[PDB]
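Data block below; observations after.
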Amino acid sequence: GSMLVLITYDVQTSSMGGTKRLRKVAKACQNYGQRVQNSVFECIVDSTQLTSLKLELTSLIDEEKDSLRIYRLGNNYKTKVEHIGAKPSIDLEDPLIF
Amino acid sequence: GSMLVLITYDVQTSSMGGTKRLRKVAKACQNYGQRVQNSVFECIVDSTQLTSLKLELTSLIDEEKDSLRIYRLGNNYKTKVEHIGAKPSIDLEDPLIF
Amino acid sequence: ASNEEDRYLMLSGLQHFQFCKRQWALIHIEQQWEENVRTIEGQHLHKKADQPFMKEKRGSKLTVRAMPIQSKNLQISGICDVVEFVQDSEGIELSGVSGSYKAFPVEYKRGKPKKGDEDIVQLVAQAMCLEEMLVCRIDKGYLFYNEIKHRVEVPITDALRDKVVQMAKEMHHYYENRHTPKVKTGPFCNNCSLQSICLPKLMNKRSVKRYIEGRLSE
Amino acid sequence: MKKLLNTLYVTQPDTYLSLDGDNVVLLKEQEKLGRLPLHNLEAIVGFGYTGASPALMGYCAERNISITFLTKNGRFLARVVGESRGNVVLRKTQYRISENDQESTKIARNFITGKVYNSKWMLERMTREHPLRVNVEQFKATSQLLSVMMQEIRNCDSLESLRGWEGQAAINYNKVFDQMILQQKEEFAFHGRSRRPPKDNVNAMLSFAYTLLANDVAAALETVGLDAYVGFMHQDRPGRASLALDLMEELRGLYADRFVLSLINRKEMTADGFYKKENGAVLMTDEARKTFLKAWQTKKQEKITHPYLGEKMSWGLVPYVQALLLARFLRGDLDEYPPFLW
Amino acid sequence: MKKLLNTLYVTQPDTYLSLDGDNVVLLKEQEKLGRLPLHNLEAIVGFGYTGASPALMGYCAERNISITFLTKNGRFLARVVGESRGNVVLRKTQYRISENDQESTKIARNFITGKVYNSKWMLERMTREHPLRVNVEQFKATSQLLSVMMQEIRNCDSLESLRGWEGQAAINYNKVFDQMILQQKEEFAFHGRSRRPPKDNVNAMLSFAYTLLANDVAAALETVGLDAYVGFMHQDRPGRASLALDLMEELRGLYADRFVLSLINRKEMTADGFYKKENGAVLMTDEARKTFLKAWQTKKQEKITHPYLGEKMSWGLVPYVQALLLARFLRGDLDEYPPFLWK
DNA sequence: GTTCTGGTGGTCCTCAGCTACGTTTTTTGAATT
DNA sequence: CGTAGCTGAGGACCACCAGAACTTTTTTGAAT
Ligand SMILES: [Mn+2]
């Protein structure tokens with residue numbers, strides 16, 4: 001469907017293995033998406049990639065210790081997105097002339 | 001009316017007045033919505049409140065150093081939000097009996 | 001009516017009376033107000049552009065912000081946004097500095113240029129008020145539009161002055177009578193900031209008696 | 001045209017309400033329980049001993065957010081009323097009309113006509129879809145009697161005759177209202193009225209529903225700009241919300257009793273929730289109160305279409321728009337106040 | 001602490017107030033300050049961020065006692081009432097009287113007599129205090145004229161005649177207004193009154209003070225349940241507290257002109273605190289406004305005695321108690337409203 | 001009892017740095033809802 | 001060169017404490 005989704009995490013690093021969980025979660029979530037803010041990623045995925053990422057990521061985090069939220073906008077994401085500061089991000093609809 | 005809006009900020013505390021900017025941004029963002037994770041807020045607001053909040057946040061923060069992103073999930077926010085972790089957020093449409 | 005100076009109406013009523021005759025009645029008689037996105041943007045812009053106690057000059061001309069003005073010919077008082085004084089030995093001396101300067105009223109509003117009079121009339125009112133204080137004549141005005149970021153010139157003629165006087169008389173009569181009129185709805189009252197109050201719907205529908213009889217006898 | 005903002009009901013004893021910016025915070029002996037934005041709330045109902053700082057009251061009463069206190073069973077203990085506004089034209093017209101008997105009769109006719117029309121429509125609706133389980137012929141005869149006395153009410157000219165006709169309609173409607181025990185056992189049988197002590201079932205629900213209707217009608221009347229303590233009907237006892245009662249006299253037929261009857265028929269609640277003290281009349285439990293309020297709030301969000309306006313809006317906006325429809329009439333924008341004829 | 005006319009005023013900020021048995025108990029950070037009976041109370045007024053106790057709120061609501069929460073500066077915050085709301089017959093009687101000329105003229109003459117008495121006694125006291133720097137004969141002549149005017153106004157029955165007499169009295173006081181000043185005459189001169197875009201310095205000053213007093217008066221009415229926006233002499237208009245203006249007529253002089261004259265005569269403020277405008281109008285500077293507000297607050301703490309009752313009260317309670325008396329005139333045992341006749 | 005400004009302690013969170021090695025059988029996976 | 005495992009080194013983000021205060025006219029303000 002090629003729809004834009006956004007993922008936020010919040011892992012407790014004061015536990016026994018918080019640092020390793022943070023590292024694995026960040027590494028796994030960076031593969032499927034592009035970082036826009038600290039602990040806030042956005043990506044363009046279908047239903048299949050979204051389901052695969054959700055299944056992969058629900059096994060790395062530990063319940064009753066972490067938080068993870070996933071939002072989806074839709075095919076019209078170009079309207080419901082606003083940037084005001086000085087942290088630009090690459091748009092995956094650009095011809096990408098590097 | 002009454003659509004869900006998500007605001008993410010990212011201020012720089014290594015500058016001269018970073019702490020003051022962080023405090024004012026947090027106070028101005030807590031007046032309208034709840035906090036689900038650090039440096040992200042969600043609210044159920046109409047268009048006029050969204051415009052007022054956007055104007056206040058734009059006038060309060062400083063450019064070329066800070067970051068601010070605003071997304072809107074529309075009126076169908078119930079079927080687009082997914083939570084897996086253990087940081088529940090109070091809903092503002094249920095009977096809300098405390 | 002303490003000294004006849006308390007029976008004054010604000011300049012803001014003129015534009016409201018020009019656009020939607022019921023809008024002025026709701027705003028200035030029933031004391032009701034409701035804000036939408038455009039109203040918030042305009043109010044924020046005007047508040048940011050309201051900087052008194054300071055004067056900006058370029059050696060020849062001068063600008064004054066938030067100028068309190070009143071007029072007894074129309075019994076109308078208010079605050080002008082910007083008044084510009086140009087250096088030429090033709091007008092009348094003004095207090096504070098030396099020389100003779102000519103005056104031009106400029107007010108800022110946010111939006112496209114409107115086919116209706118509206119804005120123009122308000123500007124004309126300012127001119128009258130201004131020429132009641134400095135004892136001179138003003139034959140020119142400027143309008144600044146922020147949506148397109150442009151400046152538009154406006155001449156002043158006798159017809160505009162007569163229309164302004166007539167509308168001021170009508171406003172005074174309506175305020176004396178405490179009457180809220182009814183105006184054609186059209187497509188205007190879709191962005192009425194008081195649309196949830198001025199209620200355009202029940203103007204065109206059937207009488208209350210007919211609906212009660214129809215739902216009552218069967 | 002509004003959004004029908006939510007409502008907050010606090011039940012824990014010995015709570016405390018404080019203000020932080022545009023947020024309300026619930027504290028209890030320096031332990032926080034939660035915080036909610038104040039731009040998504042309309043009414044705050046406290047149960048038992050709940051305190052509020054003067055800043056919160058001043059901030060709420062200025063922005064048309066009502067605050068109500070109930071002891072345990074929907075009593076009228078105390079409300080929060082703020083300052084006035086600069087719409088003296090409306091209050092002047094309202095008092096001038098209230099000082100005149102003819103206009104008061106003109107409004108009372110519409111009130112009673114709406115009430116009895118709603119009652120007749122509800123009776124016919126219930127008679128329509130139900131099988132022989134109920135007495136269809138007696139209900140039809142009562143509906144015919146009501147429709148006949150309808151036109152007599154429509155052409156009234158005094159308060160006393162209208163009051164007598166209202167009393168006759170109330171007796172006639174109660175005579176057939178005594179019947180609804182359809183999908184419940186005999187413990188929920190109506191046995192008359194008991195005003196202060198809710199000594200039986202159903203009545204303990206009816207009183208709570210009436211209190212919840214009054215606390216909303218009064219808030220709406222205060223919000224719209226009218227004065228909710230001078231009425232166009234009823235014997236004008238000083239120090240009562242006469243206008244609120246006059247306005248809810250027509251909405252009580254579908255907004256309070258219908259809710260109780262539909263909750264009884266659906267068997268959402270059962271007699272085990274209610275209990276009795278040594279005398280104690282009949283009192284609810286915490287779970288019963290929670291279920292009642294949850295069902296009430298869930299019902300308040302169903303969307304209907306207004307008869308007169310012909311526009312689609314939520315159920316909960318009905319008590320407000322009606323009051324607005326009064327205010328416009330007080331400015332000469334209509335011929336007479338159009339009642340609710342659902 | 002002080003209770004007056006079956007009402008309880010708690011003026012000190014940040015003081016808890018709760019119930020004990022059948023009495024009201026004041027607290028201040030676990031310190032028991034006082035205990036008063038509640039049997040004969042009619043209303044309770046608070047002036048701090050206190051909040052009271054829920055039990056006392058319930059008790060007062062059950063016993064038909066209305067609690068009024070006001071801020072320390074005198075603004076109206078909240079009014080907790082039971083089923084009665086208190087002001088029903090009061091407000092209905094106010095509306096009924098407001099639409100008849102005779103009773104309105106009676107209340108208007110009651111206000112105007114107090115106004116002229118206050119002005120004349122102020123002039124006489126000032127002339128007695130400073131004989132050298134005052135043209136005594138002119139003040140004596142205007143005092144006799146004001147006395148005759150008051151005697152005539154005590155026999156008036158029309159709104160137009162009362163308005164004319166008030167206008168002539170204002171003209172006389174304005175033509176005398178300049179000379180009570182005694183210092184810094186270089187820039188502080190009175191040459192007329194213009195409330196709208198004020199001109200020539202001191203006039204603008206007066207305007208500000210007036211506004212403050214008016215606001216205070218409004219709060220007083222909101223304390224007693226009266227409607228501040230429906231006047232008796234002044235004709236009601238949307239957005240203007242006409243009855244507050246009517247009530248402040250007697251209190252305008254000694255509470256505004258005295259304050260500004262005391263500010264000027266002690267050189268508290270100087271023309272350096274005012275800015276300039278090209279049309280001849282003047283505006284206040286933020287520091288000057290803050291100093292003005294601080295001086296107003298300090299003056300509000302001055303303690304005097306009430307001419308009619310004699311109880312020692314601060315100035316801030318003067319506008320409120322008078323309003324209470326007005327309410328007692330609308331329904332009560334008072335034959336006529338007693339004005340604030342103070343020597 | 002709010003509101004504002006400092007000051008501090010403790011926790012998320014990303015990057016730069018330093019060592020220490022990189023191979024893996026074939027079978028099984030949803031669907032009309 | 002790529003993928004894992006450990007450090008360490010500062011920026012972000014929020015929660016507590018401590019001290020000092022808490023009052024301002026009237027006017028403007030959208031309409032594809
Ligand atoms: Mn402008």
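Identifiers in this document derive from the order of the structure tokens: chains are assigned A, B, ..., residues are numbered from 1 separately in each chain, and ligands are numbered from 1 in order of occurrence.
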**Request:** Please identify all polymer residues within 7 Å of region 25-32 of chain C, counting only C-alpha atoms (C1' of nucleotides), omitting same-chain residues fewer than 3 positions from it, and present them as a ChimeraX atom specification.
**Result:** /C:21-22,180 /D:86-87 /E:238
**Prompt:** Could you name the residues that touch region 38-46 of chain C at 10 Å or less, counting only C-alpha atoms (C1' of nucleotides), but leaving out those on the same chain fewer than 5 positions away, as a count of residues only?
**Reply:** 20
**Request:** Report as JSON, numbers by chain the set of chain E residues whose atoms approach chain D to within 8 Å, with distances computed over only C-alpha atoms.
**Result:** {"E": [49, 50, 51, 52, 53, 54, 55, 57, 58, 61, 62, 69, 76, 77, 78, 79, 80, 81, 82, 83, 84, 85, 86, 87, 88, 89, 92, 95, 222, 227, 229, 230, 237, 238, 239, 240]}
Using only N, CA and C atoms, please write the residues we just selected to a file, as an mmCIF file, in the first residue's frame.
data_model
loop_
_atom_site.group_PDB
_atom_site.id
_atom_site.type_symbol
_atom_site.label_atom_id
_atom_site.label_comp_id
_atom_site.auth_asym_id
_atom_site.auth_seq_id
_atom_site.Cartn_x
_atom_site.Cartn_y
_atom_site.Cartn_z
ATOM 1 N N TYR E 49 -6.451 32.589 48.831
ATOM 2 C CA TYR E 49 -6.446 31.302 48.137
ATOM 3 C C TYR E 49 -6.569 30.167 49.154
ATOM 4 N N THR E 50 -7.714 30.156 49.838
ATOM 5 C CA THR E 50 -7.937 29.281 50.984
ATOM 6 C C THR E 50 -8.593 27.965 50.581
ATOM 7 N N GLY E 51 -9.788 28.033 49.998
ATOM 8 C CA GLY E 51 -10.510 26.860 49.560
ATOM 9 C C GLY E 51 -11.477 26.285 50.573
ATOM 10 N N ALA E 52 -11.362 26.669 51.847
ATOM 11 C CA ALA E 52 -12.261 26.213 52.907
ATOM 12 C C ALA E 52 -12.276 24.694 53.038
ATOM 13 N N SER E 53 -13.129 24.174 53.925
ATOM 14 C CA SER E 53 -13.235 22.728 54.011
ATOM 15 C C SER E 53 -14.517 22.246 53.346
ATOM 16 N N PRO E 54 -14.486 21.068 52.719
ATOM 17 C CA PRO E 54 -15.709 20.542 52.091
ATOM 18 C C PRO E 54 -16.858 20.362 53.066
ATOM 19 N N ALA E 55 -16.570 19.964 54.307
ATOM 20 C CA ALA E 55 -17.626 19.791 55.298
ATOM 21 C C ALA E 55 -18.318 21.115 55.595
ATOM 22 N N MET E 57 -18.419 23.699 53.545
ATOM 23 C CA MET E 57 -19.181 24.032 52.346
ATOM 24 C C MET E 57 -20.536 23.339 52.355
ATOM 25 N N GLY E 58 -20.551 22.043 52.674
ATOM 26 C CA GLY E 58 -21.813 21.325 52.742
ATOM 27 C C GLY E 58 -22.736 21.864 53.818
ATOM 28 N N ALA E 61 -24.138 25.197 52.650
ATOM 29 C CA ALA E 61 -25.109 24.974 51.585
ATOM 30 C C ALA E 61 -26.425 24.443 52.141
ATOM 31 N N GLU E 62 -26.357 23.524 53.108
ATOM 32 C CA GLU E 62 -27.575 23.014 53.727
ATOM 33 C C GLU E 62 -28.302 24.094 54.516
ATOM 34 N N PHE E 69 -15.977 33.623 47.207
ATOM 35 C CA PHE E 69 -14.525 33.556 47.113
ATOM 36 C C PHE E 69 -14.044 34.701 46.238
ATOM 37 N N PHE E 76 -13.591 39.294 41.573
ATOM 38 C CA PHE E 76 -14.600 38.280 41.847
ATOM 39 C C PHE E 76 -14.158 36.951 41.252
ATOM 40 N N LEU E 77 -14.132 35.909 42.085
ATOM 41 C CA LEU E 77 -13.674 34.593 41.659
ATOM 42 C C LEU E 77 -14.801 33.568 41.614
ATOM 43 N N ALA E 78 -15.523 33.358 42.712
ATOM 44 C CA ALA E 78 -16.503 32.276 42.730
ATOM 45 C C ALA E 78 -17.579 32.569 43.771
ATOM 46 N N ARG E 79 -18.709 31.866 43.650
ATOM 47 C CA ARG E 79 -19.815 32.011 44.595
ATOM 48 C C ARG E 79 -20.493 30.645 44.718
ATOM 49 N N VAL E 80 -20.235 29.959 45.828
ATOM 50 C CA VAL E 80 -20.831 28.655 46.096
ATOM 51 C C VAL E 80 -22.163 28.879 46.808
ATOM 52 N N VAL E 81 -23.244 28.375 46.213
ATOM 53 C CA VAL E 81 -24.589 28.552 46.738
ATOM 54 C C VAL E 81 -25.294 27.204 46.763
ATOM 55 N N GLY E 82 -26.350 27.131 47.568
ATOM 56 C CA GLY E 82 -27.182 25.947 47.613
ATOM 57 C C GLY E 82 -28.233 25.959 46.523
ATOM 58 N N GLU E 83 -29.484 25.688 46.889
ATOM 59 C CA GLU E 83 -30.583 25.743 45.934
ATOM 60 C C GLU E 83 -31.175 27.137 45.784
ATOM 61 N N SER E 84 -30.814 28.075 46.664
ATOM 62 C CA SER E 84 -31.522 29.350 46.716
ATOM 63 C C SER E 84 -30.861 30.408 45.840
ATOM 64 N N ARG E 85 -29.524 30.444 45.823
ATOM 65 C CA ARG E 85 -28.724 31.420 45.082
ATOM 66 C C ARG E 85 -28.805 32.790 45.753
ATOM 67 N N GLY E 86 -29.661 32.918 46.764
ATOM 68 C CA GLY E 86 -29.759 34.147 47.527
ATOM 69 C C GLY E 86 -30.505 35.275 46.842
ATOM 70 N N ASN E 87 -29.946 35.795 45.749
ATOM 71 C CA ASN E 87 -30.478 36.992 45.097
ATOM 72 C C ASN E 87 -31.490 36.590 44.028
ATOM 73 N N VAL E 88 -32.760 36.539 44.423
ATOM 74 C CA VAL E 88 -33.858 36.357 43.481
ATOM 75 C C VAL E 88 -34.828 37.517 43.654
ATOM 76 N N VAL E 89 -35.381 37.651 44.862
ATOM 77 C CA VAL E 89 -36.268 38.772 45.155
ATOM 78 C C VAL E 89 -35.503 40.087 45.082
ATOM 79 N N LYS E 92 -35.076 40.864 41.326
ATOM 80 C CA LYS E 92 -36.371 41.191 40.737
ATOM 81 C C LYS E 92 -36.839 42.575 41.173
ATOM 82 N N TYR E 95 -34.798 45.198 39.259
ATOM 83 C CA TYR E 95 -35.320 45.416 37.911
ATOM 84 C C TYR E 95 -36.640 46.177 37.933
ATOM 85 N N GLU E 222 -21.313 42.270 43.091
ATOM 86 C CA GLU E 222 -21.285 40.824 42.920
ATOM 87 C C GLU E 222 -21.198 40.100 44.255
ATOM 88 N N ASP E 227 -27.121 43.258 40.471
ATOM 89 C CA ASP E 227 -26.639 43.285 39.095
ATOM 90 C C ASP E 227 -25.938 44.615 38.852
ATOM 91 N N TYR E 229 -24.754 45.795 36.025
ATOM 92 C CA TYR E 229 -24.895 46.320 34.674
ATOM 93 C C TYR E 229 -26.260 46.948 34.415
ATOM 94 N N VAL E 230 -27.083 47.118 35.446
ATOM 95 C CA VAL E 230 -28.410 47.715 35.313
ATOM 96 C C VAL E 230 -28.458 48.900 36.268
ATOM 97 N N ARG E 237 -26.697 50.318 29.253
ATOM 98 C CA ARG E 237 -26.211 50.011 27.919
ATOM 99 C C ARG E 237 -25.335 48.771 28.004
ATOM 100 N N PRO E 238 -25.269 47.977 26.933
ATOM 101 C CA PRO E 238 -24.493 46.727 26.981
ATOM 102 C C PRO E 238 -23.004 47.005 27.126
ATOM 103 N N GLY E 239 -22.385 46.367 28.118
ATOM 104 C CA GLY E 239 -20.955 46.446 28.318
ATOM 105 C C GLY E 239 -20.484 47.493 29.304
ATOM 106 N N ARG E 240 -21.394 48.198 29.971
ATOM 107 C CA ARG E 240 -21.029 49.242 30.919
ATOM 108 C C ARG E 240 -21.757 49.012 32.234
#
**Request:** Assign secondary structure with DSSP using the backbone only, and return the residues of region 25-67 of chain A in helix (DSSP H, G or I) as JSON, numbers by chain.
**Result:** {"A": [25, 26, 27, 28, 29, 30, 31, 47, 48, 49, 50, 51, 52, 53, 54, 55, 56, 57]}
Now that the selection is made, can you save its residues with C-alpha atoms as a PDB file, in the first residue's frame?
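out-v3.pdb was written with the following content:
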ATOM      1  CA  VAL A  25      15.795  -2.136  19.408  1.00  0.00           C
ATOM      2  CA  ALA A  26      17.489   0.844  17.749  1.00  0.00           C
ATOM      3  CA  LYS A  27      19.430  -1.361  15.322  1.00  0.00           C
ATOM      4  CA  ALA A  28      16.342  -3.377  14.367  1.00  0.00           C
ATOM      5  CA  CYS A  29      14.081  -0.344  13.944  1.00  0.00           C
ATOM      6  CA  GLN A  30      16.664   1.599  11.910  1.00  0.00           C
ATOM      7  CA  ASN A  31      16.745  -1.135   9.246  1.00  0.00           C
ATOM      8  CA  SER A  47       1.126  -4.197   5.458  1.00  0.00           C
ATOM      9  CA  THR A  48       3.664  -7.017   5.062  1.00  0.00           C
ATOM     10  CA  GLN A  49       6.711  -5.020   6.172  1.00  0.00           C
ATOM     11  CA  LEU A  50       4.722  -3.453   9.016  1.00  0.00           C
ATOM     12  CA  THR A  51       3.596  -6.867  10.277  1.00  0.00           C
ATOM     13  CA  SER A  52       7.105  -8.316   9.978  1.00  0.00           C
ATOM     14  CA  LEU A  53       8.635  -5.363  11.835  1.00  0.00           C
ATOM     15  CA  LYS A  54       5.983  -5.558  14.564  1.00  0.00           C
ATOM     16  CA  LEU A  55       6.580  -9.286  15.051  1.00  0.00           C
ATOM     17  CA  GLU A  56      10.360  -8.798  15.102  1.00  0.00           C
ATOM     18  CA  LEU A  57      10.212  -5.873  17.537  1.00  0.00           C
TER      19      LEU A  57
END
**Request:** Would you list, as a ChimeraX atom specification, the residues of chain B that end up in strand (DSSP E) under DSSP run on this structure's backbone?
**Result:** /B:3-10,34-37,40-45,67-74,81-83
